[PDB]
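>
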Ligand SMILES: O=S(=O)(F)c1ccc(Nc2nc(OCC3CCCCC3)c3[nH]cnc3n2)cc1
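Numbering (the deposited numbering), first residue to last: 2 to 36, 38 to 146, 156 to 291.
1) Starting from the C-beta of residue 1, find all residues in its chain whose C-beta is less than 6 Å away, skip the five residues before and the five after it, and write them out in chain order.
2) So if DSSP puts residue 4 in a beta bridge, which residue, or which two residues, is it bridged to?
3) Pull up the DSSP beta-bridge partners for residue 73, would you.
4) Just how far apart, CA to CA, sit residue 228 and residue 164?
5) Please state whether DSSP places residue 53 in a helix, a strand or coil.
6) Hey, residue 24 and residue 3 are a contact pair by Cβ (cut 8 Å); roughly how many whole angstroms apart?
7) Sort 173, 129, 35, 271 by Cα distance to residue 68 and report the nearest one.
8) Determine which residues share a DSSP beta bridge with residue 64 and list them.
9) Can you tell me whether residue 179 is helix, strand or coil according to DSSP?
10) In this structure, does DSSP put residue 78 in helix, strand or coil?
11) Quick one: Cα of residue 106 to Cα of residue 181, how far?
12) Quick one: residues in its chain with C-beta nearer than 7 Å to the C-beta of residue 6, no 5 flanking neighbours on either side, listed in chain order?
13) Can residue 73 be considered in contact with ligand 3, in the sense that its beta carbon sits closer than 6 Å to one or more heavy atoms?
14) List the whole-angstrom C-beta distance separating residue 49 from residue 62, where the pair is believed to meet the contact cut-off of C-beta under 8 Å.
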């Protein structure tokens with residue numbers, strides 16, 4: 002009715018996403034068609051979760067067994083930017099700026115007990131002013156091939172209770188990918204994802220992760236790989252970077268660094284806000 006579709010942006014976990022224009026206000030927006039009253043109330047709460055590093059939810063529209071979410075539109079995602087920067091690499095000051103901003107976003111949502119649970123380059127969105135913002139916070143909780160590459164090990168091992176730590180894991184995986192220009196753990200099945208994590212960080216045990224062996228999908232028959240050094244994992248990256256990444260990829264979700272504590276890490280001593288060159 003009120004929205005003119007301009008182009009399909011892509012296909013999310015819950016449905017198609019279009020760039021659209023509000024025929025009444027002229028506002029340009031992202032419109033997500035979601036393909038239960040519980041979900042309505044949860045989504046409505048998210049309208050109040052407003053932060054400069056969170057993509058704003060402008061409105062929720064249910065009509066005729068159809069649910070539409072109207073979001074703030076940004077002009078590029080991190081995946082396309084990484085791909086465009088592939089020959090050169092994103093400069094470290096911009097990597098650092100983006101990480102810091104995403105941690106501020108996480109810190110905010112986490113303080114309101116809201117998780118993302120499915121962070122990935124395609125839902126991190128950038129603009130021409132050097133900002134990066136998280137899209138689709140809270141949607142996994144609200145609504146209940157999908158990429159496994161950013162999935163925390165506790166999820167893969169069948170934990171039913173997700174903590175804020177699952178988002179730190181995902182963002183650590185993204186940090187590593189910005190630095191190396193390749194995905195850290197590109198699994199193509201749940202077991203391939205778990206074994207790629209184990210091949211790099213070592214098969215977890217009760218020493219490094221108390222309780223791991225009692226987890227639902229833990230098998231004593233898992234191969235026992237030794238941990239490799241982070242020097243080999245994200246090589247170019249300096250020791251402050253490697254320190255912070257190591258704390259973001261701790262196996263035990265209780266030991267994994269919080270967003271708030273990561274903002275105080277020494278890696279961010281010299282943080283700045285560069286503007287990227289974006290070709291739109
Ligand atoms: O780089 S591209 O030219 F490909 C490009 C990408 C995104 C956008 N803009 C964009 N996209 C969104 O969601 C995409 C969706 C998220 C994950 C699931 C599947 C894809 C948004 N959600 C709220 N605001 C949004 N703005 C503009 C260009």
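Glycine residues also receive a C-beta, built at the ideal position from the N, C-alpha and C atoms.
According to the structure data:
1) Because the chain in this structure spans residues 2 to 291, residue 1 falls outside the shown range and cannot be described.
2) In the chain shown, residue 4 corresponds to position 3, counting from 1. DSSP, once it has assigned bridges, lists 23 as partnering residue 4.
3) As a position in the chain shown, residue 73 is number 71, starting the count at 1. When DSSP reads this structure, residue 73 sits in a beta bridge with 31, 59.
4) If you number the chain shown from 1, residue 228 lands on position 217. If you number the chain shown from 1, residue 164 lands on position 153. If you take the alpha carbons of residue 228 and residue 164, they lie about 11 Å apart.
5) What you label residue 53 is simply residue 51 of the chain shown in a count that begins at 1. Residue 53: coil per DSSP, three-state reduction.
6) By 1-based counting over the chain shown, the position of residue 24 is 23. By 1-based counting over the chain shown, the position of residue 3 is 2. Cβ atoms of residue 24 and residue 3 come within 8 Å of each other, at about 6 Å.
7) If you number the chain shown from 1, residue 68 lands on position 66. Check the Cα spacing between residue 68 and each of 173, 129, 35, 271: the tightest is with 35.
8) To locate residue 64, count along the chain shown from 1; it is residue 62. Under DSSP, the beta-bridge partners assigned to residue 64 are 69.
9) Here residue 179 refers to the residue found at position 168 when the chain shown is read from its first residue. In the structure shown, residue 179 adopts helical secondary structure according to DSSP, grouped into three states.
10) Sequence index remark: in the chain shown, residue 78 carries index 76 (1-based). Note: residue 78 maps to strand in three-state DSSP.
11) Residue numbering aside, residue 106 sits at position 104 when the chain shown is read from its first letter. Residue numbering aside, residue 181 sits at position 170 when the chain shown is read from its first letter. Inter-residue distance for residue 106 and residue 181 is about 15 Å (C-alpha atoms, whole angstroms).
12) One-based indexing of the chain shown puts residue 6 at position 5. Correct list, in chain order: 19, 21.
13) Absence of ligand 3 is noted for the structure shown, with ligand 1 being the only ligands found.
14) For the purposes of this step, residue 49 is identified with residue 47 of the chain shown, where counting begins at 1. For the purposes of this step, residue 62 is identified with residue 60 of the chain shown, where counting begins at 1. With 8 Å as the limit, residue 49 and residue 62 qualify as a contact, their Cβ atoms being about 7 Å apart.
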